[PDB]
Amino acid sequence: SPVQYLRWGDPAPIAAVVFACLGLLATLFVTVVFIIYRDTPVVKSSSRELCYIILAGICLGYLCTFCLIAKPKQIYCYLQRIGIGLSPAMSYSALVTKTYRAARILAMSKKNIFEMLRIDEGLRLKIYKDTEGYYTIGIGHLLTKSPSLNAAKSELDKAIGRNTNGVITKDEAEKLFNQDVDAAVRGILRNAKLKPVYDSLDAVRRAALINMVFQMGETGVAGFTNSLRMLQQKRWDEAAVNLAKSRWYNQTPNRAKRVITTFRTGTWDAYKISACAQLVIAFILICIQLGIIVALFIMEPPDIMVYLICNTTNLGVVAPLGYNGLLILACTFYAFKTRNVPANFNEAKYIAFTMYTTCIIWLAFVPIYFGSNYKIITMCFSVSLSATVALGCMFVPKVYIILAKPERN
């Protein structure tokens, strides 16, 4: 009885239970909310099936302490290992597919703007110089500022990752372009006249704005004061008419006509320019962790050594800890890639933050747990902590909006 130890002077098992109980209630609350309001845009805009898997993984995470703190039976030693291993696996391996999808979608987004400026501005598959004599390649991508032709080739190989000999491909030129796009966005966000307009526009209309920036510069686009205001107020037809009078339109009519049209419709008409799969992939990554656990049940049969001490060795912990580490490492990679993506009510910002802490939690777990003389309690807190973080950062801000701010919804 957890009360006995609490009264004998040890509040560790009673605390882990309360922690686990409060966690289960919290997870139960969140899921029910997502069920009732499943049709609300804040729940509809994300993969609902994946969230259910993440919420299920966290629930088992809290249930883990009930196997770590239990009456000494044989199967509880089984439930411990199958729980501490699979519960993070259910959460992170479903979260990686979510982030990976968000990474491909973003990459495909940068693909369109690349094809846009390839048509509007052009491209060179070998090294050249700009109007100021500096070595350049691709779509106006500066390589270096030294007169050395050798210097440019060195910088190119480091950027591409191979011996290019001053020659690249379309795909490699897009890579260099992605950098210049991000740099352009950085400048726009730091420009007081361009920032409000950029924030109001959709994905397509933002590319048309960056198009203008790459032609005239920031200090040039800011000259379209009246037109920029029209775009911000979503008055497309008035913006197009106003832009068609500019010196910019009369100087480069062929290109300007396409950019203006993109502001109009918010489509790529001027330019020639899966859910079920995610569940299967998530299922596969979970079964891999299960195969590891089942194998270790065979290699090293679990046996009983309030506290339930089992005979689980290092290898019985290290292997599923390492696999979970990869799931975490992969998630962070894609989450950091999509950290600024505003889809789903700035969802990804919260996702990235969770993966930052989880890496610290995982990294801290290794020296702490393996140097500890109180392993069971340190395993209870560790699992309940990283489960709480994933619940507090990813789900709570969505529950808040859904219950406290239904108008925002």
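Note that residue numbering begins at 1 and tracks the sequence as displayed.
Peer 1: What does the record say about the segment between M305 and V306: how many deposited residues are without coordinates (none, 1 to 3, 4 to 9, 10 or more)?
Peer 2: Count of unmodelled residues in between: 4 to 9.
Peer 1: For the stretch from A183 to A184, please bin the deposited residues that the model skips: none, 1 to 3, 4 to 9, or 10 or more.
Peer 2: Gap size class: none, per the record.
Peer 1: Out of 285-293 and 127-135, which stretch has the higher average CA B-factor listed in the record?
Peer 2: The stretch with the larger average C-alpha B-factor is 127-135.
Peer 1: Name the higher of the two by mean Cα B-factor in the PDB entry, 167-175 versus 216-224.
Peer 2: The stretch with the larger average C-alpha B-factor is 216-224.
Peer 1: In the PDB entry, which of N254, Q80, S274, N324 has its C-alpha at the highest B-factor?
Peer 2: Among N254, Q80, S274, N324, the PDB entry lists the largest C-alpha B-factor for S274.
Peer 1: Which is it among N191, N211, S246, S87: the one with the largest CA B-factor in the entry?
Peer 2: Largest recorded C-alpha B-factor: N191.
Peer 1: Which third, lowest, middle or highest, does the C-alpha temperature factor of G57 belong to within its own chain?
Peer 2: Lowest third of the chain for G57's C-alpha B-factor.
Peer 1: Ranking the modelled residues of this chain by C-alpha B-factor as given in the entry, is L156 in the lowest, middle or highest third?
Peer 2: As the PDB entry reports it, the C-alpha B-factor of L156 lands in the highest third of its chain.
Peer 1: Going by what the PDB entry lists, where does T338 fall on CA B-factor within its chain: lowest, middle or highest third?
Peer 2: It belongs to the middle third of the chain when residues are ordered by C-alpha B-factor.
Peer 1: Quick one: classify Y369 as lowest, middle or highest third of the chain based on its Cα B-factor.
Peer 2: Bottom third by C-alpha B-factor.
Peer 1: When the deposited Cα B-factors of this chain's modelled residues are ordered and cut into thirds, is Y37 in the lowest, the middle or the highest one?
Peer 2: Its C-alpha B-factor, which the entry lists for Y37, ranks in the highest third among residues of this chain.
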